[PDB]
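Nothing in this text is a laboratory measurement; each read-out follows from the coordinates by a stated rule. As a convention, Cβ positions derive from the backbone with ideal geometry for all residues, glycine included, and neighbour counts pool all protein chains shown.
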Amino acid sequence: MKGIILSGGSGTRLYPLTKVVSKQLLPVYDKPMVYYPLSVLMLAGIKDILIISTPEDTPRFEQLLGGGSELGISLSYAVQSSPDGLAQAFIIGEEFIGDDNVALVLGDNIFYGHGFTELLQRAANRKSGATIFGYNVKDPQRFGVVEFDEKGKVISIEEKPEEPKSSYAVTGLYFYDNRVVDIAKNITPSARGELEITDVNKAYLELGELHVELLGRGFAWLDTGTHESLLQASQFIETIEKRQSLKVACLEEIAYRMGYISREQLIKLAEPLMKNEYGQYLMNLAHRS
Ligand SMILES: Cc1cn([C@H]2C[C@H](O)[C@@H](CO)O2)c(=O)[nH]c1=O
Ligand SMILES: Cc1cn([C@H]2C[C@H](O)[C@@H](CO)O2)c(=O)[nH]c1=O
Ligand SMILES: O=P(O)(O)O[C@H]1O[C@H](CO)[C@@H](O)[C@H](O)[C@H]1O
């Protein structure tokens, strides 16, 4: 399965932070934002990943992450000329996707919680339909909103409803079969002038093939869309990491844990970073039993 990170957008709300740095290059505690959605695709077992960003920012992401060989993965890059909707990911990424199933993750979403890798690996191994992830939120009218019955069957999905039918946001992580490319080609802009992911998901719902996994209250799903929310996400990750000996979204650790890279390869990544605590962490892991 392949994956796409949609890592463009204007980041207008974060001005002036996003005058000359991509929102997705801003820190979440100690790591560039994009590390977090990338780590989610890696943990799902996805090794062939396309990163989409603006004309100006795409080369900045390639500078940061390269082609992926350090991580035992393949990273490729494409440009989105204007932020005209999430569903454009599949249009820009058509040649990349080919005949394969594909997951999409949004650049500014931060997922963390127990039990998450099992849900990911389940979604990644589901060969048919669309899987979305719902999460109970305070202000559901800000988000795509999924309404489901007693058996978890989707009833409705609506983008930023004025009268939300549930408190469940449709978070920025989506797994699709190959039908998504033709679906994305056949939707039209909304009132926001965007080719909405919600409309991709409605196409699967028409077919009875939109499947929702619930991310329960013990899970954290944050986004970094405002100054206040970006600082709050940074604090959250800081708290988790301070207490534990383990890091969140340490890409090189994940590459090792997923078996994408060897112990020797991890040592070689740690060496030029021994001047800092991040390299020290990687070295310590490589030498653990
Ligand atoms: C609407 C839109 C969002 N984005 C990204 C920026 C944020 O990470 C997220 C916004 O939901 O998606 C794009 O890259 N292109 C777009 O067209
Ligand atoms: C195993 C591993 C999990 N995680 C995250 C995924 C889940 O949100 C949480 C529990 O697995 O920790 C990492 O960020 N790095 C790792 O190396
Ligand atoms: O934040 P945006 O771009 O308004 O909203 C976008 O991401 C949200 C998740 O972060 C989803 O709930 C929305 O369906 C999607 O259109």
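For this structure, a couple of remarks:
- Too-long pairs where the Cα-Cα distance tops 25 Å, listed order kept, from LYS127/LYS153; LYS23/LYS275; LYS138/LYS160; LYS165/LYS247: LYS23/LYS275; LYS165/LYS247
- Rounded to the nearest 20 debye, the dipole size of the chain about its Cα centre is 800 debye, using +1 on the Cβ of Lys and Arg and -1 on the Cβ of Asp and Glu.
- In order along region 58-64, the Karplus-derived 3J(HN,Hα) couplings, from 6.51 cos²θ - 1.76 cosθ + 1.60 at θ = phi - 60°, round to 4, x, 6, 5, 5, 4, 5 Hz, and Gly and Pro are given as x.
- Gained length - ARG288 relative to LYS160, 0.36 nm times residue gap less alpha-carbon distance: 41.3 nm
- Loop trypsin sites (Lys or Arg not before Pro), region 155-192 (other Cβ atoms within 10 Å of the site Cβ: 16 or fewer; DSSP): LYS165, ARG192
- Dmax and Rg, reported as Rg then Dmax, of the chain (C-alpha, Å): 18.5, 55
- Calculated [θ] (222 nm, deg cm²/dmol) that DSSP helices of n ≥ 4 give over the chain, each run adding -39,500 (n - 2.57): -9000 deg cm²/dmol
- Two-decimal log10 I(q)/I(0) for region 125-234, as the Debye equation yields it once each C-alpha is a single scatterer, q = 0.19 Å⁻¹: -1.04
- Rough spin-label spacing in nm, given labels placed 7 Å along Cα→Cβ, for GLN121 and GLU228: 4.0 nm
- The chain: relative contact order in percent, alpha carbon pairs under 8 Å with at least 6 residues between: 22 percent
- Remark on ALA103: its backbone amide H falls under 5 Å from those of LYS2, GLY3, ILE4, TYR176, a criterion applied only to residues 5 or more positions apart or on other chains, H modelled at 1.01 Å from N.
- Bridge type composition, the chain - antiparallel percent by DSSP, nearest 5: 50 percent
- Computed from the Cβ-Cβ distance with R0 of 22 Å, the FRET efficiency linking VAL20 to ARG217 stands at 0.05.
- Unit charges at the beta carbon, dipole of the chain: most positive-side option, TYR36, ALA89, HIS287: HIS287
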